[PDB]
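We begin with a single chain expressed as structure tokens, specifically the form deposited in one PDB entry.
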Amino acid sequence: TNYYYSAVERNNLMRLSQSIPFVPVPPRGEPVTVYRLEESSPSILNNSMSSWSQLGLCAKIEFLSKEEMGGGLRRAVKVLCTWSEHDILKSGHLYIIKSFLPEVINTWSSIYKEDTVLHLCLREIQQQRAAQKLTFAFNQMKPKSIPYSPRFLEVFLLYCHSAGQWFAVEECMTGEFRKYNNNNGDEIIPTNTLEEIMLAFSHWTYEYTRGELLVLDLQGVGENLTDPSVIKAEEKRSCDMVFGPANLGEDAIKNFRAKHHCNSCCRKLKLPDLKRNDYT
């Protein structure tokens, strides 16, 4: 008069009426709020307007290291991203968090009396975005014959409740981190195509902006760069020469114009010699 269940079916039902093992894997990671410098036309970056996000986003980061790299105004520390709301950051990926040295703050305190650290961070990220916009124009217009594209990492603003502070965050690059040119206007002698293109990019920024801006301190791993110095070639104000906090050498633009050596890429881009006259 029926077709009732079997042993297996009965076992699986009765087992649910009992306590079943539940071992929640321990909670590791530090909660943070991420802010992004948005773009009006991400597809045409060089014609897009930048504006800071309003509503913060949740993310979790694993502070897996105490190793603070660098000797400049900031120190970089690697962290891991467990998760990020809307995946603004990549889960299970290493990132670098950068903060300034108290000294540096104290110095800018006399300019940024309030929320010094946050302001310096806002400027650092805006500075990198400026470099990105110039590279976007560069890759877009550069001759097809050129095989390399300088690329700057995206940098986000991060606020750590636990650490009670703001940081700039970007993907951690694995590889030989090197410098093509520096804050003194000096450059390396190229050994290959990649390096020739990096060096030519700096020359190109000066020409392209009709002499108003010079991007120096090109550095990173391969084509992927970070932390450049976008210099307002003619400014004279104390701390208004570089988009972001940087220590410029003795008359860096002068040195650059005098020491830069054009290469096969510079000529491929039709750039004129820096040593020429400004007016004549």
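Numbers for residues come from their place in the sequence shown, where the first is 1. Just so we're on the same page, rigid core means the largest C-alpha set that superposes within 1.5 Å between forms.
Although not depicted, the form deposited in another entry is the subject of the following passage.
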Legend entry - Shift of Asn12 between the shown form and the other one at or above 2 Å (CA, core fit): yes
Legend entry - Core-aligned CA displacement of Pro26 at least 2 Å between the shown form and the other one: yes
Legend entry - Did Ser238 shift 2 Å or more between the shown form and the other one, C-alpha, core superposed: yes
